[PDB]
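As provided, final_3.pdb (PDB, C-alpha atoms) reads as follows.
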ATOM      1  CA  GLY A   1     172.176 165.106  63.473
ATOM      2  CA  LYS A   2     173.415 167.913  65.707
ATOM      3  CA  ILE A   3     175.375 167.834  68.955
ATOM      4  CA  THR A   4     176.876 170.640  71.040
ATOM      5  CA  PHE A   5     179.756 170.224  73.498
ATOM      6  CA  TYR A   6     180.264 172.546  76.499
ATOM      7  CA  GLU A   7     183.483 172.830  78.531
ATOM      8  CA  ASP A   8     181.632 173.301  81.820
ATOM      9  CA  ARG A   9     178.589 171.683  83.420
ATOM     10  CA  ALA A  10     174.999 172.793  82.873
ATOM     11  CA  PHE A  11     175.815 174.028  79.353
ATOM     12  CA  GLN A  12     178.315 176.636  80.493
ATOM     13  CA  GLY A  13     181.599 177.877  79.084
ATOM     14  CA  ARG A  14     182.983 177.663  75.565
ATOM     15  CA  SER A  15     181.086 175.342  73.237
ATOM     16  CA  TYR A  16     181.419 173.691  69.829
ATOM     17  CA  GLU A  17     178.650 172.394  67.567
ATOM     18  CA  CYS A  18     179.012 169.337  65.303
ATOM     19  CA  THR A  19     176.696 167.951  62.622
ATOM     20  CA  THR A  20     178.983 165.220  61.286
ATOM     21  CA  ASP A  21     181.782 162.860  62.347
ATOM     22  CA  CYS A  22     184.869 164.529  63.820
ATOM     23  CA  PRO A  23     188.048 162.496  64.514
ATOM     24  CA  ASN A  24     189.644 165.261  66.608
ATOM     25  CA  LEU A  25     187.770 167.759  68.779
ATOM     26  CA  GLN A  26     190.881 168.884  70.672
ATOM     27  CA  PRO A  27     191.296 171.998  68.484
ATOM     28  CA  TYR A  28     187.867 173.266  69.555
ATOM     29  CA  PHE A  29     187.694 172.574  73.298
ATOM     30  CA  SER A  30     189.942 171.221  76.057
ATOM     31  CA  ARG A  31     187.257 169.520  78.141
ATOM     32  CA  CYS A  32     183.579 168.590  78.000
ATOM     33  CA  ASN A  33     181.315 168.625  81.053
ATOM     34  CA  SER A  34     177.879 168.926  79.437
ATOM     35  CA  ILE A  35     176.260 168.178  76.091
ATOM     36  CA  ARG A  36     173.080 169.070  74.238
ATOM     37  CA  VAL A  37     172.073 166.617  71.528
ATOM     38  CA  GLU A  38     169.578 168.496  69.374
ATOM     39  CA  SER A  39     169.064 165.492  67.108
ATOM     40  CA  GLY A  40     170.480 162.149  66.055
ATOM     41  CA  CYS A  41     172.385 159.279  67.620
ATOM     42  CA  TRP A  42     176.006 159.824  68.564
ATOM     43  CA  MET A  43     178.961 157.897  69.895
ATOM     44  CA  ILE A  44     181.464 160.140  71.650
ATOM     45  CA  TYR A  45     185.016 159.106  72.462
ATOM     46  CA  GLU A  46     187.647 159.798  75.090
ATOM     47  CA  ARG A  47     190.484 159.934  72.557
ATOM     48  CA  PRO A  48     190.932 161.188  68.973
ATOM     49  CA  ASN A  49     190.183 158.952  66.002
ATOM     50  CA  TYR A  50     187.364 157.127  67.789
ATOM     51  CA  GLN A  51     189.694 155.526  70.332
ATOM     52  CA  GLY A  52     189.407 154.989  74.075
ATOM     53  CA  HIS A  53     186.241 154.804  76.169
ATOM     54  CA  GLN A  54     183.006 155.092  74.158
ATOM     55  CA  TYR A  55     179.645 156.582  75.142
ATOM     56  CA  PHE A  56     176.275 156.503  73.378
ATOM     57  CA  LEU A  57     174.048 159.598  73.349
ATOM     58  CA  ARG A  58     170.661 160.394  71.806
ATOM     59  CA  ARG A  59     168.491 163.509  71.635
ATOM     60  CA  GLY A  60     168.451 165.075  75.074
ATOM     61  CA  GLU A  61     170.307 167.354  77.437
ATOM     62  CA  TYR A  62     173.210 166.125  79.537
ATOM     63  CA  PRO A  63     174.143 168.681  82.258
ATOM     64  CA  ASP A  64     177.064 166.560  83.486
ATOM     65  CA  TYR A  65     179.183 163.740  82.093
ATOM     66  CA  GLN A  66     177.643 161.273  84.528
ATOM     67  CA  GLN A  67     174.409 161.692  82.541
ATOM     68  CA  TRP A  68     175.882 159.851  79.548
ATOM     69  CA  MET A  69     177.477 157.337  81.917
ATOM     70  CA  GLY A  70     180.791 159.047  81.293
ATOM     71  CA  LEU A  71     183.912 158.604  83.402
ATOM     72  CA  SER A  72     185.335 162.099  82.941
ATOM     73  CA  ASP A  73     185.251 165.324  80.952
ATOM     74  CA  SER A  74     187.675 164.043  78.320
ATOM     75  CA  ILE A  75     185.950 163.844  74.923
ATOM     76  CA  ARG A  76     188.137 164.077  71.816
ATOM     77  CA  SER A  77     186.207 162.571  68.895
ATOM     78  CA  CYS A  78     182.614 161.866  67.906
ATOM     79  CA  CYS A  79     180.695 160.068  65.217
ATOM     80  CA  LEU A  80     177.157 160.515  63.949
ATOM     81  CA  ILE A  81     175.460 157.141  63.721
ATOM     82  CA  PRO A  82     173.440 156.988  60.483
ATOM     83  CA  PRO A  83     169.673 156.901  61.108
ATOM     84  CA  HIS A  84     168.104 153.502  60.418
ATOM     85  CA  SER A  85     164.586 152.494  59.362
ATOM     86  CA  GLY A  86     162.894 149.120  59.416
ATOM     87  CA  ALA A  87     164.067 146.042  61.268
ATOM     88  CA  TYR A  88     167.451 145.755  62.949
ATOM     89  CA  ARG A  89     169.365 142.503  62.632
ATOM     90  CA  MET A  90     172.484 140.864  64.006
ATOM     91  CA  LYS A  91     173.730 137.319  64.436
ATOM     92  CA  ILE A  92     175.835 136.250  67.403
ATOM     93  CA  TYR A  93     178.149 133.229  67.453
ATOM     94  CA  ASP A  94     179.691 131.314  70.358
ATOM     95  CA  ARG A  95     182.961 130.781  68.454
ATOM     96  CA  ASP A  96     185.246 133.059  66.413
ATOM     97  CA  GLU A  97     185.061 133.562  62.642
ATOM     98  CA  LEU A  98     181.262 133.296  62.622
ATOM     99  CA  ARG A  99     181.272 129.610  63.587
ATOM    100  CA  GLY A 100     179.565 127.636  66.345
ATOM    101  CA  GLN A 101     176.044 128.025  67.718
ATOM    102  CA  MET A 102     174.321 131.017  66.135
ATOM    103  CA  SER A 103     171.286 133.061  67.139
ATOM    104  CA  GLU A 104     169.718 136.075  65.487
ATOM    105  CA  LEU A 105     168.511 139.249  67.198
ATOM    106  CA  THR A 106     165.985 141.599  65.601
ATOM    107  CA  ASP A 107     165.189 143.525  68.786
ATOM    108  CA  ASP A 108     166.934 144.689  71.973
ATOM    109  CA  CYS A 109     168.381 142.253  74.502
ATOM    110  CA  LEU A 110     168.620 143.539  78.088
ATOM    111  CA  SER A 111     170.190 140.317  79.342
ATOM    112  CA  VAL A 112     172.185 138.052  77.045
ATOM    113  CA  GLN A 113     172.303 135.576  79.931
ATOM    114  CA  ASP A 114     168.525 135.372  80.365
ATOM    115  CA  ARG A 115     167.901 135.266  76.612
ATOM    116  CA  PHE A 116     170.672 133.012  75.265
ATOM    117  CA  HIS A 117     172.188 131.599  78.458
ATOM    118  CA  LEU A 118     175.499 133.059  77.285
ATOM    119  CA  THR A 119     177.928 135.320  79.148
ATOM    120  CA  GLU A 120     180.323 135.749  76.222
ATOM    121  CA  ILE A 121     179.935 136.277  72.473
ATOM    122  CA  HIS A 122     182.880 135.381  70.227
ATOM    123  CA  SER A 123     181.910 136.693  66.793
ATOM    124  CA  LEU A 124     179.137 138.820  65.331
ATOM    125  CA  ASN A 125     177.504 139.735  62.056
ATOM    126  CA  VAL A 126     175.613 143.017  62.313
ATOM    127  CA  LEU A 127     173.416 142.866  59.216
ATOM    128  CA  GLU A 128     170.934 145.722  59.693
ATOM    129  CA  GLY A 129     171.291 148.857  61.788
ATOM    130  CA  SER A 130     173.861 149.931  64.365
ATOM    131  CA  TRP A 131     173.902 148.543  67.910
ATOM    132  CA  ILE A 132     175.623 149.175  71.230
ATOM    133  CA  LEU A 133     177.304 146.241  72.961
ATOM    134  CA  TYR A 134     177.389 146.552  76.765
ATOM    135  CA  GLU A 135     179.708 144.712  79.146
ATOM    136  CA  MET A 136     176.913 144.343  81.703
ATOM    137  CA  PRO A 137     173.177 143.596  81.551
ATOM    138  CA  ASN A 138     170.622 146.415  81.395
ATOM    139  CA  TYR A 139     172.830 148.701  79.301
ATOM    140  CA  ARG A 140     175.524 149.158  81.955
ATOM    141  CA  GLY A 141     179.310 148.873  82.040
ATOM    142  CA  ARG A 142     181.729 149.542  79.183
ATOM    143  CA  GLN A 143     180.117 150.407  75.837
ATOM    144  CA  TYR A 144     181.166 149.380  72.335
ATOM    145  CA  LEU A 145     179.556 150.746  69.184
ATOM    146  CA  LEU A 146     178.702 147.999  66.701
ATOM    147  CA  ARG A 147     178.427 149.323  63.163
ATOM    148  CA  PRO A 148     176.948 147.053  60.468
ATOM    149  CA  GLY A 149     179.409 144.388  59.370
ATOM    150  CA  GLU A 150     181.313 141.278  60.414
ATOM    151  CA  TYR A 151     183.244 141.048  63.681
ATOM    152  CA  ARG A 152     185.383 137.900  63.614
ATOM    153  CA  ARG A 153     186.657 138.188  67.201
ATOM    154  CA  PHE A 154     185.970 140.333  70.285
ATOM    155  CA  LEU A 155     189.080 142.398  69.584
ATOM    156  CA  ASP A 156     187.261 143.689  66.501
ATOM    157  CA  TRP A 157     184.714 145.674  68.510
ATOM    158  CA  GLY A 158     187.443 146.984  70.796
ATOM    159  CA  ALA A 159     186.764 144.960  73.941
ATOM    160  CA  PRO A 160     189.473 143.400  76.189
ATOM    161  CA  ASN A 161     187.541 140.129  76.348
ATOM    162  CA  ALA A 162     184.426 138.382  75.002
ATOM    163  CA  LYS A 163     182.078 139.183  77.890
ATOM    164  CA  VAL A 164     178.729 140.657  76.830
ATOM    165  CA  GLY A 165     175.824 141.630  79.079
ATOM    166  CA  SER A 166     173.342 143.385  76.801
ATOM    167  CA  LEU A 167     172.776 144.530  73.211
ATOM    168  CA  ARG A 168     170.917 147.669  72.192
ATOM    169  CA  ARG A 169     169.625 148.844  68.816
ATOM    170  CA  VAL A 170     170.772 152.385  68.062
ATOM    171  CA  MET A 171     167.683 154.493  67.377
ATOM    172  CA  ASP A 172     166.912 158.085  68.267
ATOM    173  CA  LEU A 173     164.621 159.021  71.119
ATOM    174  CA  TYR A 175     161.066 158.306  70.034
ATOM    175  CA  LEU A 176     159.030 161.412  69.260
TER     176      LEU A 176
END
So that I can check it, write out the structure of this file as structure tokens.
Amino acid sequence: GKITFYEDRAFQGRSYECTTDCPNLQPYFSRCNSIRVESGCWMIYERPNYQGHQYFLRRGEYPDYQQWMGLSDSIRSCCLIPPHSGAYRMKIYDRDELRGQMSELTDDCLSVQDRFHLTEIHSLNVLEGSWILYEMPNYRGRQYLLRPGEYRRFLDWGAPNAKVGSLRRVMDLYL
């Protein structure tokens, strides 16, 4: 993957190019108002060490932070989401510790309410591929990167509560 950060909008000002994870971008730029993703899937973060607000980006050009649904020009860390082939897979539970009613997803879910008649998810088991968990339906609201693995409680994916609106498989822009 390859991503380039620009201090000013429309790809202006000082820039920095990354082709791997980076827990601290502060030494390279003081602000980010535009981004060019040459290839790959990326999660960029407001604070160092993958902390703070998270935003998902794929191949494309983002002339302003609003284009990646960002809140500001503060970006201090980024991670390259490993490319994934084949089927995606994750199980959702209505209780913590992977207990309670369970359902399995192998494709995107634009509305957890419409699909499972659930407004909250208490534990997860991401078996295949990375996903993005959205607070609101239709990929809106706060974002939380879900890497493969077990999430015993909502705190594990970094959310303040168990509300979930939509779930998206992380895959690069089709070409």
- [ ] Using CA of residue 75 (chain A) and CA of residue 25 (chain A) as the two end points, give the distance in Å to one decimal.
- [x] 7.5 Å
Open item on the list: Can you tell me which residues surround region 111-125 of chain A at a distance of at most 10 Å, considering only C-alpha atoms, apart from same-chain residues fewer than 6 positions away, and format the answer as a PyMOL selection string?
Closed with: chain A and resi 89-100+102-104+134-139+146-157+161-167
Task: Contacts of region 76-78 of chain A within 6 Å, all atoms listed in the file, excl. fewer than 6 positions in-chain, as a PyMOL selection string - done: chain A and resi 21-26+43-48+50
Task: Straight-line distance linking CA of residue 128 (chain A) with CA of residue 169 (chain A), stated in Å to one decimal - done: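 About the pair CA of residue 128 (chain A) and CA of residue 169 (chain A): they are 9.7 Å apart.
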Task: Hits of the PyMOL selection byres ((chain A and resi 84-88) around 10) in this structure, as a PyMOL selection string - done: chain A and resi 81-83+89-90+105-108+126-131+148+169-172
TODO: Could you jot down the CA of residue 57 (chain A) to CA of residue 15 (chain A) separation for me, Å, one decimal place?
DONE: 17.2 Å
Chain and number of each residue from the PyMOL selection byres ((chain A and resi 36-38) around 7), as a CSV table (one decimal) with C-alpha atoms, in the coordinates of the input:
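Below is the file that was written, result-v4.csv:
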chain,number,residue,atom,x,y,z
A,2,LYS,CA,173.4,167.9,65.7
A,3,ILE,CA,175.4,167.8,69.0
A,4,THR,CA,176.9,170.6,71.0
A,5,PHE,CA,179.8,170.2,73.5
A,35,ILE,CA,176.3,168.2,76.1
A,39,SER,CA,169.1,165.5,67.1
A,58,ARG,CA,170.7,160.4,71.8
A,59,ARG,CA,168.5,163.5,71.6
A,60,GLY,CA,168.5,165.1,75.1
A,61,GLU,CA,170.3,167.4,77.4
A,62,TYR,CA,173.2,166.1,79.5
TODO: Could you list the residues chosen by the PyMOL selection byres ((chain A and resi 144) around 8) in this structure as a ChimeraX atom specification?
DONE: /A:54-55,132-134,142-143,145-146,157-159
